[PDB]
Amino acid sequence: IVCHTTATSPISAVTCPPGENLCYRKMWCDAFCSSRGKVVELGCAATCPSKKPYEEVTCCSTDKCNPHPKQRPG
Amino acid sequence: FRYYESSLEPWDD
């Protein structure tokens, strides 16, 4: 499927490979949880693995189902 | 490089 990926400088959403049909969205109190925090690494995936205690990636089985918690251009 | 909850800039907003 397609899921927003922050891989690129800007923001966008492409169709994962023939190995991922899900969608994720990392998150962690970045080095600025004070103002920023929670780094969403929008992207795609075939599922949701273990994950870290601080750095966790969401999961979904639909396109644009793992958007940003602040989605917005510029 | 991510959309950091801060914004959507490739560098913590």
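Some points on the overall build of chain A
Regarding its fold elements, chain A presents 0 helices and 6 strands. Ordered by position in the sequence, the α and β elements of chain A form the string β-β-β-β-β-β. A compact globule built from 74 residues would reach a C-alpha radius of gyration of about 11 Å, and chain A, at 12 Å, matches this within 12%. Considering only C-alpha atoms, chain A reaches an extent of 40 × 30 × 15 Å along its principal axes. Looking at chain A as a whole, 31% of its 74 residues are labelled buried. The long-range fraction of contacts in chain A, counting pairs at least 24 apart against all pairs at least 6 apart in sequence, stands at 56%. Surface accessibility of chain A: about 4300 Å² in total, with carbon and sulfur atoms responsible for 57%. Looking at charge distribution, chain A has the averaged site of its 9 positive side-chain charges lying 6 Å from that of its 6 negative ones.

Description of the pattern of salt bridges
Tallied over the entire structure, the rule returns 4 salt bridges over all chains. Its salt-bridge partner being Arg36(A), residue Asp12(B) comes within 2.7 Å of it at the nearest N-O pair. Notably, a salt bridge pairs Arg36(A) with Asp13(B), separated by 2.7 Å at the nearest N-O pair. A relative accessible area of 26% places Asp13(B) in the partly exposed class.

What about the side chain of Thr6(A)?
By the element assignment, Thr6(A) lies in the loop between β1 (2–4) and β2 (13–15). Filtering out sequence-adjacent residues up to four positions away, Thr6(A) remains in contact with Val40(A), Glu41(A), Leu42(A), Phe1(B), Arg2(B) and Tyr3(B).

Quick notes on the rules
Residues numbered from 1 in each chain as written, not as in the entry; some residues may be left out. Chains lettered and ligands numbered in written order. Heavy atoms only, no water. Helix = DSSP H or I, 4+ residues; strand = E, 2+ residues; numbered from the N terminus. Rg over C-alpha atoms; globule rule 2.2 N^0.38 Å. Buried < 20%, exposed > 50% of the residue type's maximum accessible area, 1.4 Å probe, protein only. Contact = heavy atoms within 4.5 Å. Areas by Shrake-Rupley, 256 points an atom, 1.4 Å probe, with all protein chains shown as cover. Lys, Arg positive; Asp, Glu negative; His and termini not counted. Charge placed at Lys NZ, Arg CZ, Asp CG, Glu CD. Salt bridge = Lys/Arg side-chain N within 4 Å of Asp/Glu carboxyl O.

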